[PDB]
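Reproduced below: run.cif, with mmCIF, N, CA and C atoms.
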```cif
data_input
loop_
_atom_site.label_atom_id
_atom_site.label_comp_id
_atom_site.auth_asym_id
_atom_site.auth_seq_id
_atom_site.Cartn_x
_atom_site.Cartn_y
_atom_site.Cartn_z
N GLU A 1 0.80 -1.20 0.00
CA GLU A 1 0.00 0.00 0.00
C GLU A 1 0.84 1.27 0.00
N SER A 2 1.46 1.54 -1.12
CA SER A 2 2.13 2.79 -1.32
C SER A 2 1.09 3.71 -1.94
N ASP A 3 0.47 3.20 -2.98
CA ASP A 3 -0.64 3.84 -3.62
C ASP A 3 -1.89 3.18 -3.14
N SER A 4 -2.54 3.84 -2.27
CA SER A 4 -3.73 3.34 -1.70
C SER A 4 -4.94 3.85 -2.46
N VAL A 5 -5.36 3.08 -3.43
CA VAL A 5 -6.43 3.44 -4.32
C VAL A 5 -7.76 3.44 -3.60
N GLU A 6 -7.97 2.43 -2.79
CA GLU A 6 -9.19 2.29 -2.00
C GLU A 6 -9.26 3.44 -0.99
N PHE A 7 -8.11 3.77 -0.47
CA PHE A 7 -7.93 4.85 0.46
C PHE A 7 -8.20 6.16 -0.23
N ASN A 8 -7.81 6.27 -1.49
CA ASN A 8 -8.10 7.48 -2.27
C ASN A 8 -9.58 7.71 -2.44
N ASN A 9 -10.35 6.62 -2.54
CA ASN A 9 -11.82 6.74 -2.59
C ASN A 9 -12.32 7.30 -1.28
N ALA A 10 -11.70 6.85 -0.20
CA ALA A 10 -11.99 7.34 1.13
C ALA A 10 -11.56 8.80 1.26
N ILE A 11 -10.40 9.13 0.69
CA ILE A 11 -9.86 10.47 0.78
C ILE A 11 -10.70 11.44 0.00
N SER A 12 -11.14 11.03 -1.18
CA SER A 12 -11.99 11.88 -2.00
C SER A 12 -13.27 12.19 -1.26
N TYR A 13 -13.80 11.17 -0.59
CA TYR A 13 -14.96 11.29 0.25
C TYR A 13 -14.69 12.33 1.35
N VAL A 14 -13.60 12.14 2.07
CA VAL A 14 -13.24 13.02 3.17
C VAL A 14 -12.89 14.45 2.71
N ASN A 15 -12.07 14.58 1.68
CA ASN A 15 -11.66 15.88 1.13
C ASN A 15 -12.87 16.67 0.67
N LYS A 16 -13.84 15.96 0.15
CA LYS A 16 -15.05 16.54 -0.31
C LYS A 16 -15.82 17.07 0.88
N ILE A 17 -15.92 16.26 1.95
CA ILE A 17 -16.54 16.66 3.20
C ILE A 17 -15.89 17.94 3.72
N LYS A 18 -14.55 17.94 3.73
CA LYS A 18 -13.73 19.07 4.20
C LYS A 18 -14.19 20.36 3.56
N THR A 19 -14.34 20.31 2.26
CA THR A 19 -14.73 21.39 1.41
C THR A 19 -16.24 21.74 1.54
N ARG A 20 -17.07 20.74 1.52
CA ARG A 20 -18.51 20.91 1.54
C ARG A 20 -19.01 21.46 2.85
N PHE A 21 -18.24 21.25 3.87
CA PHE A 21 -18.55 21.72 5.17
C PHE A 21 -17.37 22.52 5.65
N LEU A 22 -16.74 23.21 4.70
CA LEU A 22 -15.54 24.00 4.94
C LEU A 22 -15.85 25.16 5.87
N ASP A 23 -17.04 25.68 5.74
CA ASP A 23 -17.50 26.78 6.54
C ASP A 23 -18.08 26.31 7.84
N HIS A 24 -18.24 25.03 7.98
CA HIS A 24 -18.88 24.47 9.15
C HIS A 24 -18.00 23.36 9.75
N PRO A 25 -16.94 23.75 10.49
CA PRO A 25 -15.97 22.80 11.05
C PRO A 25 -16.59 21.77 11.99
N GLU A 26 -17.68 22.14 12.67
CA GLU A 26 -18.30 21.26 13.63
C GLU A 26 -18.83 19.99 12.97
N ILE A 27 -19.38 20.11 11.76
CA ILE A 27 -20.02 18.99 11.07
C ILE A 27 -19.00 17.92 10.73
N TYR A 28 -17.83 18.39 10.34
CA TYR A 28 -16.70 17.53 10.02
C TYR A 28 -16.36 16.71 11.26
N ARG A 29 -16.28 17.41 12.37
CA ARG A 29 -15.91 16.84 13.64
C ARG A 29 -17.01 15.95 14.21
N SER A 30 -18.26 16.32 13.97
CA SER A 30 -19.41 15.54 14.40
C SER A 30 -19.40 14.19 13.71
N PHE A 31 -18.92 14.17 12.50
CA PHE A 31 -18.81 12.95 11.79
C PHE A 31 -17.67 12.10 12.32
N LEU A 32 -16.54 12.74 12.54
CA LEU A 32 -15.36 12.08 13.05
C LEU A 32 -15.64 11.38 14.36
N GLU A 33 -16.51 11.96 15.17
CA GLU A 33 -16.83 11.40 16.46
C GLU A 33 -17.65 10.12 16.30
N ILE A 34 -18.43 10.06 15.23
CA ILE A 34 -19.23 8.91 14.92
C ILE A 34 -18.33 7.79 14.50
N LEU A 35 -17.40 8.08 13.61
CA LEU A 35 -16.50 7.08 13.12
C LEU A 35 -15.52 6.63 14.21
N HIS A 36 -15.17 7.53 15.10
CA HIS A 36 -14.31 7.22 16.22
C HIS A 36 -15.08 6.28 17.18
N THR A 37 -16.33 6.64 17.45
CA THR A 37 -17.23 5.86 18.27
C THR A 37 -17.51 4.49 17.64
N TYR A 38 -17.61 4.50 16.34
CA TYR A 38 -17.87 3.33 15.56
C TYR A 38 -16.73 2.31 15.74
N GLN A 39 -15.51 2.82 15.84
CA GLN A 39 -14.33 1.98 16.02
C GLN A 39 -14.33 1.33 17.40
N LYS A 40 -14.80 2.07 18.40
CA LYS A 40 -14.91 1.52 19.75
C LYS A 40 -15.97 0.44 19.84
N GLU A 41 -16.82 0.38 18.84
CA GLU A 41 -17.84 -0.61 18.78
C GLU A 41 -17.24 -1.87 18.13
N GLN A 42 -16.46 -1.66 17.07
CA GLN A 42 -15.86 -2.73 16.28
C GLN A 42 -14.81 -3.51 17.07
N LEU A 43 -14.10 -2.83 17.93
CA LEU A 43 -13.12 -3.49 18.77
C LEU A 43 -13.81 -4.15 19.95
N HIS A 44 -13.19 -5.18 20.49
CA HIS A 44 -13.78 -5.88 21.62
C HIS A 44 -13.39 -5.18 22.90
N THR A 45 -12.34 -4.41 22.83
CA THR A 45 -11.90 -3.61 23.93
C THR A 45 -12.64 -2.29 23.87
N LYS A 46 -13.57 -2.13 24.77
CA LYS A 46 -14.48 -1.03 24.72
C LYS A 46 -14.98 -0.72 26.12
N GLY A 47 -15.97 0.14 26.23
CA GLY A 47 -16.48 0.54 27.52
C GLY A 47 -17.15 -0.59 28.26
N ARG A 48 -18.05 -1.26 27.59
CA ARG A 48 -18.79 -2.34 28.20
C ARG A 48 -19.02 -3.39 27.12
N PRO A 49 -18.86 -4.68 27.44
CA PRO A 49 -19.11 -5.76 26.48
C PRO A 49 -20.59 -5.79 26.12
N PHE A 50 -20.89 -5.22 24.99
CA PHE A 50 -22.23 -5.01 24.55
C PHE A 50 -22.13 -4.64 23.08
N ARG A 51 -23.17 -4.84 22.32
CA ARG A 51 -23.15 -4.41 20.94
C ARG A 51 -23.87 -3.07 20.91
N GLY A 52 -23.10 -2.03 20.88
CA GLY A 52 -23.58 -0.68 21.05
C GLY A 52 -24.25 -0.10 19.86
N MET A 53 -23.46 0.23 18.93
CA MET A 53 -23.85 1.00 17.82
C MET A 53 -23.94 0.12 16.59
N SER A 54 -25.14 -0.13 16.14
CA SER A 54 -25.33 -0.93 14.96
C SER A 54 -25.18 -0.05 13.71
N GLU A 55 -24.74 -0.64 12.61
CA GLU A 55 -24.44 0.06 11.37
C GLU A 55 -25.57 0.99 10.90
N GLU A 56 -26.81 0.54 11.03
CA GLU A 56 -27.95 1.31 10.59
C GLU A 56 -28.14 2.58 11.45
N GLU A 57 -27.80 2.50 12.72
CA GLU A 57 -27.95 3.65 13.59
C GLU A 57 -26.70 4.51 13.45
N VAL A 58 -25.62 3.88 13.02
CA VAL A 58 -24.42 4.56 12.69
C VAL A 58 -24.71 5.44 11.49
N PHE A 59 -25.26 4.81 10.47
CA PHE A 59 -25.64 5.46 9.25
C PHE A 59 -26.66 6.57 9.49
N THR A 60 -27.49 6.42 10.52
CA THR A 60 -28.44 7.39 10.87
C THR A 60 -27.78 8.75 11.12
N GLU A 61 -26.72 8.77 11.93
CA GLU A 61 -26.08 10.02 12.27
C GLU A 61 -25.27 10.52 11.10
N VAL A 62 -24.72 9.59 10.34
CA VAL A 62 -23.90 9.91 9.17
C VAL A 62 -24.77 10.52 8.06
N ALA A 63 -25.93 9.94 7.84
CA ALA A 63 -26.87 10.45 6.85
C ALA A 63 -27.39 11.81 7.27
N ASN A 64 -27.57 11.95 8.57
CA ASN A 64 -28.00 13.18 9.22
C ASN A 64 -26.90 14.26 9.20
N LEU A 65 -25.68 13.81 9.19
CA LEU A 65 -24.50 14.63 9.17
C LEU A 65 -24.45 15.33 7.80
N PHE A 66 -24.59 14.53 6.76
CA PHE A 66 -24.48 15.03 5.40
C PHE A 66 -25.86 15.10 4.73
N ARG A 67 -26.88 15.52 5.46
CA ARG A 67 -28.24 15.63 4.88
C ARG A 67 -28.28 16.65 3.75
N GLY A 68 -28.30 16.15 2.53
CA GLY A 68 -28.28 16.98 1.37
C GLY A 68 -27.20 16.54 0.42
N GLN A 69 -26.20 15.87 0.95
CA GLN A 69 -25.11 15.36 0.17
C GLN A 69 -25.31 13.88 -0.05
N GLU A 70 -26.13 13.54 -1.01
CA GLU A 70 -26.46 12.20 -1.29
C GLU A 70 -25.24 11.43 -1.77
N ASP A 71 -24.36 12.11 -2.49
CA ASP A 71 -23.12 11.51 -3.00
C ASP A 71 -22.33 10.90 -1.86
N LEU A 72 -22.08 11.69 -0.84
CA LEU A 72 -21.32 11.25 0.33
C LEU A 72 -22.03 10.09 1.03
N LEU A 73 -23.35 10.14 1.05
CA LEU A 73 -24.15 9.12 1.72
C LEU A 73 -24.18 7.83 0.92
N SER A 74 -23.78 7.92 -0.32
CA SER A 74 -23.77 6.79 -1.19
C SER A 74 -22.35 6.19 -1.27
N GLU A 75 -21.34 7.05 -1.18
CA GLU A 75 -19.96 6.60 -1.23
C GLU A 75 -19.58 5.97 0.11
N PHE A 76 -20.34 6.32 1.14
CA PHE A 76 -20.19 5.76 2.48
C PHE A 76 -20.43 4.25 2.45
N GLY A 77 -21.26 3.80 1.51
CA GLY A 77 -21.53 2.37 1.37
C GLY A 77 -20.31 1.60 0.85
N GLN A 78 -19.37 2.33 0.26
CA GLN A 78 -18.13 1.73 -0.23
C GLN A 78 -17.07 1.79 0.85
N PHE A 79 -17.17 2.82 1.69
CA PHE A 79 -16.24 3.01 2.79
C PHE A 79 -16.53 1.98 3.88
N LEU A 80 -17.79 1.65 3.99
CA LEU A 80 -18.28 0.62 4.88
C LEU A 80 -17.97 -0.76 4.32
N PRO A 81 -18.14 -1.84 5.14
CA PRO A 81 -17.95 -3.22 4.70
C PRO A 81 -18.77 -3.57 3.44
N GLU A 82 -18.13 -3.44 2.30
CA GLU A 82 -18.74 -3.65 1.00
C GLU A 82 -19.19 -5.11 0.86
N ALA A 83 -18.51 -6.02 1.58
CA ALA A 83 -18.83 -7.45 1.57
C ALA A 83 -20.31 -7.72 1.93
N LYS A 84 -20.90 -6.83 2.72
CA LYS A 84 -22.30 -6.93 3.10
C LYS A 84 -23.23 -6.58 1.95
N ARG A 85 -22.72 -5.85 1.00
CA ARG A 85 -23.49 -5.36 -0.13
C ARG A 85 -23.13 -6.12 -1.40
#
```
Can you dump the structure from the file as structure tokens?
Amino acid sequence: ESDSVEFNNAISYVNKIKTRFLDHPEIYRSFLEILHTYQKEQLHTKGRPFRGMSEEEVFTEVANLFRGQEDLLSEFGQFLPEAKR
């Protein structure tokens, strides 16, 4: 992974977010907190052994984060476990 093509899809997604919410730094960060929280769910080392945040409720805040940016909400399906789709 010198050239991370899959990562570039992720980066384009993120860079676009950066720009699209360039005037609104909080939204960028609100999303980051979801993905950060999402990671604490995916790992077994977490606050409490429980299945916290399910993908659909994850997507809920993410869709809510970028309400109006359907592109981002659609590319998120590629950033997510594509194997499910």
* Asked: If you run DSSP on this backbone, which residues of range 2-75 of chain A come out as alpha helix (DSSP H), and could you give them as a ChimeraX atom specification?
  -> /A:5-20,25-42,55-65,70-75
* Asked: When the PyMOL selection byres ((chain A and resi 72) around 8) is applied to the file above, which residues end up in the set, as a list in words?
  ->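 With the shown file as input, the PyMOL selection byres ((chain A and resi 72) around 8) matches residues 13, 14, 17, 62, 63, 66, 68, 69, 70, 71, 73, 74, 75, 76 and 77 of chain A.
One distance worth recording is that between CA of residue 83 in chain A and CA of residue 28 in chain A, which is 26.5 Å.
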* Hey, can you check how far atom C of residue 40 in chain A sits from atom C of residue 78 in chain A? ->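 A separation of 19.1 Å between them.
CA of residue 82 in chain A to CA of residue 34 in chain A spans 18.8 Å [interatomic distance, one decimal].
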* Asked: Got a sec: who's within 8 Å of residue 50 in chain A, counting only N, CA and C atoms, leaving out chain neighbours fewer than 4 positions off, as a list in words?
  -> residues 41, 44 and 46 of chain A
* Any chance you could resolve the PyMOL selection byres (((chain A and resi 53 and name CA) around 10) and name CA) against this file and give the residues as a list in words? =>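 Selected by the PyMOL selection byres (((chain A and resi 53 and name CA) around 10) and name CA) in this file: residues 34, 37, 38, 39, 40, 41, 42, 50, 51, 52, 54, 55, 56, 57, 58 and 59 of chain A.
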Completed range 40-60 of chain A (N, CA, C and O atoms) as a CSV table (one decimal), in the frame of the given file:
```csv
chain,number,residue,atom,x,y,z
A,40,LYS,N,-14.8,2.1,18.4
A,40,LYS,CA,-14.9,1.5,19.8
A,40,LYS,C,-16.0,0.4,19.8
A,40,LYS,O,-16.0,-0.3,20.8
A,41,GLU,N,-16.8,0.4,18.8
A,41,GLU,CA,-17.8,-0.6,18.8
A,41,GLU,C,-17.2,-1.9,18.1
A,41,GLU,O,-17.5,-3.0,18.6
A,42,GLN,N,-16.5,-1.7,17.1
A,42,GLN,CA,-15.9,-2.7,16.3
A,42,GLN,C,-14.8,-3.5,17.1
A,42,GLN,O,-14.6,-4.7,16.9
A,43,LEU,N,-14.1,-2.8,17.9
A,43,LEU,CA,-13.1,-3.5,18.8
A,43,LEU,C,-13.8,-4.2,20.0
A,43,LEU,O,-14.9,-3.8,20.3
A,44,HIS,N,-13.2,-5.2,20.5
A,44,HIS,CA,-13.8,-5.9,21.6
A,44,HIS,C,-13.4,-5.2,22.9
A,44,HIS,O,-14.0,-5.3,23.9
A,45,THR,N,-12.3,-4.4,22.8
A,45,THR,CA,-11.9,-3.6,23.9
A,45,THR,C,-12.6,-2.3,23.9
A,45,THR,O,-12.4,-1.4,23.0
A,46,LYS,N,-13.6,-2.1,24.8
A,46,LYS,CA,-14.5,-1.0,24.7
A,46,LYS,C,-15.0,-0.7,26.1
A,46,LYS,O,-14.5,-1.3,27.1
A,47,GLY,N,-16.0,0.1,26.2
A,47,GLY,CA,-16.5,0.5,27.5
A,47,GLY,C,-17.2,-0.6,28.3
A,47,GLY,O,-16.8,-0.9,29.4
A,48,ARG,N,-18.0,-1.3,27.6
A,48,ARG,CA,-18.8,-2.3,28.2
A,48,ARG,C,-19.0,-3.4,27.1
A,48,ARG,O,-19.3,-3.0,26.0
A,49,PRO,N,-18.9,-4.7,27.4
A,49,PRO,CA,-19.1,-5.8,26.5
A,49,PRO,C,-20.6,-5.8,26.1
A,49,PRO,O,-21.4,-6.3,26.9
A,50,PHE,N,-20.9,-5.2,25.0
A,50,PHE,CA,-22.2,-5.0,24.6
A,50,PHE,C,-22.1,-4.6,23.1
A,50,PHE,O,-21.1,-4.2,22.6
A,51,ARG,N,-23.2,-4.8,22.3
A,51,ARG,CA,-23.2,-4.4,20.9
A,51,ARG,C,-23.9,-3.1,20.9
A,51,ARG,O,-25.1,-3.0,21.0
A,52,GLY,N,-23.1,-2.0,20.9
A,52,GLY,CA,-23.6,-0.7,21.0
A,52,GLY,C,-24.2,-0.1,19.9
A,52,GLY,O,-25.5,0.0,19.8
A,53,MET,N,-23.5,0.2,18.9
A,53,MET,CA,-23.8,1.0,17.8
A,53,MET,C,-23.9,0.1,16.6
A,53,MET,O,-22.9,-0.4,16.1
A,54,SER,N,-25.1,-0.1,16.1
A,54,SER,CA,-25.3,-0.9,15.0
A,54,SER,C,-25.2,0.0,13.7
A,54,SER,O,-25.5,1.1,13.8
A,55,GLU,N,-24.7,-0.6,12.6
A,55,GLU,CA,-24.4,0.1,11.4
A,55,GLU,C,-25.6,1.0,10.9
A,55,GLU,O,-25.3,2.1,10.4
A,56,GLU,N,-26.8,0.5,11.0
A,56,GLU,CA,-28.0,1.3,10.6
A,56,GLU,C,-28.1,2.6,11.4
A,56,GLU,O,-28.5,3.6,10.9
A,57,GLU,N,-27.8,2.5,12.7
A,57,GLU,CA,-28.0,3.6,13.6
A,57,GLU,C,-26.7,4.5,13.4
A,57,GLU,O,-26.7,5.7,13.7
A,58,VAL,N,-25.6,3.9,13.0
A,58,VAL,CA,-24.4,4.6,12.7
A,58,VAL,C,-24.7,5.4,11.5
A,58,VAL,O,-24.5,6.7,11.5
A,59,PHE,N,-25.3,4.8,10.5
A,59,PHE,CA,-25.6,5.5,9.2
A,59,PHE,C,-26.7,6.6,9.5
A,59,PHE,O,-26.7,7.5,8.8
A,60,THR,N,-27.5,6.4,10.5
A,60,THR,CA,-28.4,7.4,10.9
A,60,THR,C,-27.8,8.8,11.1
A,60,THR,O,-28.2,9.8,10.5
```
